[PDB]
Protein chains: 2
Amino acid sequence: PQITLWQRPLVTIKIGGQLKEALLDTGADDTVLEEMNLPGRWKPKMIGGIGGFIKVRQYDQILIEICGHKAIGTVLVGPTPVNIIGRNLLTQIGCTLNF
Amino acid sequence: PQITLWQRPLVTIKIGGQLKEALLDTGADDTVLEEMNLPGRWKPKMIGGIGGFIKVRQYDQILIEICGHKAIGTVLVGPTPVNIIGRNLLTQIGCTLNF
Ligand SMILES: COC(=O)N[C@H](C(=O)NCCCC[C@@H](CO)N(CC(C)C)S(=O)(=O)c1ccc(N)cc1)C(c1ccccc1)c1ccccc1
């Protein structure tokens with residue numbers, strides 16, 4: 001699809017069999033999702049935001065569907081204002097910016 | 001142009017007589033730039049996200065040139081870790097997400 005930016009580019013994602021709303025975010029290196037249960041082990045990660053740095057849990061090789069496109073990659077879990085799909089997964093779904 | 005998301009989508013902007021590097025950020029509602037002087041009236045604003053909130057100065061009706069395209073809009077100025085071009089200006093240059 002082609003998504004304009006007059007409103008927030010919110011899409012439906014599927015993860016752990018559950019639908020969530022998430023923001024397609026070209027300014028984010030990494031995908032960060034609100035607190036949830038994910039399988040396997042996690043490792044520590046620091047991410048830097050507008051307000052400063054936060055600790056998040058890093059889960060690798062997670063199955064996630066974004067606007068119907070399947071991806072498998074790193075998902076960070078922590079206190080984010082909204083679920084965000086960052087470049088690590090935007091690249092997997094073949095997303096580009098165009099003007 | 002078509003801009004890849006393999007790397008941070010950094011572009012050159014011209015604002016207030018200055019050349020700056022800025023991130024094309026579909027996740028950001030607003031354009032936020034590191035400390036700089038701008039003409040005209042401003043009011044204080046809080047913008048938030050990962051890490052929490054920062055206080056910024058809001059300048060309206062500011063002329064910017066983004067990657068060759070002229071636009072007018074609101075520019076927030078404050079202690080952001082990176083220059084961000086938000087949706088308020090991305091729309092004006094006709095920027096879309098495609099996949
Ligand atoms: C007055 O209205 C608002 O405050 N709106 C917010 C806004 O537009 N602010 C711009 C945020 C700043 C942009 C942002 C990417 O888009 N960051 C990355 C930049 C520092 C490069 S970062 O948040 O620091 C972040 C860091 C790491 C990673 N991995 C991801 C993101 C909005 C929001 C959007 C996207 C991300 C965070 C917040 C928001 C929505 C809901 C509730 C509160 C706030």
Side-chain angles (χ1 to χ4, degrees), chain A residues 3 5-11 13 15 20-36 38 42-60 62 64 66 71 73-92 95 97, chain B residues 3 5-11 13 20-35 42-60 66 73-92 95 97:
Chain A
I3 300 172
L5 301 168
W6 306 98
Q7 66 186 233
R8 289 178 176 167
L10 295 165
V11 293
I13 66 171
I15 187 173
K20 295 167 182 287
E21 178 173 77
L23 190 67
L24 300 188
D25 193 347
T26 60
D29 302 331
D30 308 303
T31 294
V32 189
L33 302 185
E34 303 161 24
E35 178 60 36
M36 61 171 306
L38 284 176
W42 62 275
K43 65 200 179 206
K45 175 127 181 133
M46 298 296 293
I47 58 173
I50 196 81
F53 282 81
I54 66 163
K55 293 205 169 180
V56 295
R57 309 200 302 282
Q58 177 176 338
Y59 298 85
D60 299 321
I62 298 293
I64 179 173
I66 303 151
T74 298
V75 170
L76 313 177
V77 181
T80 173
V82 293
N83 294 315
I84 60 184
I85 307 307
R87 293 187 298 101
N88 75 300
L89 303 185
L90 297 174
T91 54
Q92 288 201 26
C95 197
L97 288 162
Chain B
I3 298 168
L5 297 176
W6 284 125
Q7 293 81 42
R8 291 176 178 159
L10 292 170
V11 300
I13 68 166
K20 286 171 179 288
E21 183 178 62
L23 187 66
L24 304 180
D25 188 348
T26 59
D29 297 338
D30 310 299
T31 293
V32 195
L33 301 182
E34 303 196 41
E35 283 292 346
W42 60 271
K43 63 184 169 201
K45 184 180 168 68
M46 291 283 273
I47 53 149
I50 281 179
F53 284 76
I54 61 163
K55 189 181 167 177
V56 296
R57 304 188 314 279
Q58 175 184 338
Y59 296 84
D60 300 318
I66 299 150
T74 296
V75 178
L76 313 182
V77 178
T80 175
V82 52
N83 291 330
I84 292 150
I85 302 308
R87 290 186 300 100
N88 76 300
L89 295 174
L90 300 174
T91 59
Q92 301 303 101
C95 190
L97 286 159

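For the numbers below, each heavy atom of this structure counts, side chains included, while hydrogens, waters and symmetry mates do not. Below, chain A is the first sequence line, B the second, and so on; all start at residue 1. Numbering of ligands and ligand atoms starts at 1, following listing order.
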**Item:** Within-cut-off N or O pair, A:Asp25 and ligand 1, under 3.5 Å
**Value:** yes
**Polar atom proximity, B:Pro81 to ligand 1 (N or O, under 3.5 Å)** = no
**Asked** To the nearest 0.1 Å, how far is atom 37 (C) of ligand 1 from its closest protein heavy atom, and which atom is that?
**Response** B:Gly49 CA, 3.4 Å
**Message:** Can a side-chain donor-acceptor contact be found between B:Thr31 and B:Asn88 if the only test is distance below 3.5 angstrom?
**Reply:** yes
**Fill in**
Ranked by distance from atom 2 (O) of ligand 1, the top protein heavy atom is B:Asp29 OD2, 3.9 Å
**ligand 1 to B:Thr80 polar contact by distance, N or O atoms, under 3.5 Å** = no
**Prompt:** In Å and rounded to the nearest 0.5 Å, what is the SG to CD1 distance from B:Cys95 to B:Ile85?
**Reply:** 10.5 Å
**Request:** Select the closest option to atom 19 (C) of ligand 1 among A:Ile50, B:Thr31, B:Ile84, judged by heavy-atom distance.
**Result:** B:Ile84
**Item:** Heavy-atom nearest neighbour in the protein, as seen from atom 35 (C) of ligand 1, with distance rounded to 0.1 Å
**Value:** B:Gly27 O, 3.1 Å
**Message:** Determine whether a donor-acceptor pair (N or O, by modelled atom type, separation under 3.5 Å) exists between the side chain of B:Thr80 and the backbone of B:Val32.
**Reply:** no
**Asked** Which ligand 1 atoms, with their elements, are less than 4.0 angstrom from a heavy-atom of A:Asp30?
**Response** 29 (N)
**Request:** Could you list the atoms of ligand 1 found under 4.0 angstrom from a heavy atom of B:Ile47?
**Result:** 4 (O)
**Prompt:** Can you tell me how far CZ of B:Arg87 sits from CG of B:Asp29, rounded to the nearest 0.5 angstrom?
**Reply:** 4.5 Å
**Request:** Measure from the side-chain N and O atoms of A:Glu34 to the backbone N and O of A:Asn83, and report whether any donor-acceptor pair falls under 3.5 Å.
**Result:** yes
**Request:** Mark yes when over 12 heavy atoms from residues, nucleotides or ligands other than A:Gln7 sit less than 6.0 Å from its CD; otherwise mark no.
**Result:** no
**Message:** Yes or no, since that's all I need: does a protein heavy atom fall within a distance strictly under 4.0 Å of atom 23 (O) of ligand 1?
**Reply:** yes
**Item:** Any donor-acceptor pair under 3.5 Å from A:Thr91 side chain to B:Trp6 backbone
**Value:** no
**Item:** Heavy-atom gap A:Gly48 to ligand 1 smaller than 4.0 Å
**Value:** yes
**Request:** Report the part of A:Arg8 in contact with ligand 1, treating N, CA, C, O as backbone and CB onward as side chain, heavy atoms under 4.0 Å; options are side chain, backbone, both, neither.
**Result:** side chain
**CD1 on B:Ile84 to CG on B:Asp30, rounded to 0.5 Å** = 10.0 Å
**Item:** Under-4.0 Å heavy-atom contact with ligand 1, by part of B:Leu23 that carries it
**Value:** side chain
**Asked** With a 4.0 Å cut-off on heavy atoms, does B:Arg87 reach ligand 1?
**Response** no
**Donor-acceptor contact below 3.5 Å, side chain B:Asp25 vs main chain A:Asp25** = no
**Prompt:** Counting heavy atoms only, which part of B:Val82 comes closer than 4.0 Å to ligand 1: side chain, backbone, both or neither?
**Reply:** side chain
**Prompt:** Is there a donor-acceptor pair under 3.5 Å between the side chain of B:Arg57 and the backbone N or O of B:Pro44?
**Reply:** no
**Item:** Distance filter under 4.0 Å to A:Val32 heavy atoms, resulting ligand 1 atoms
**Value:** 29 (N)
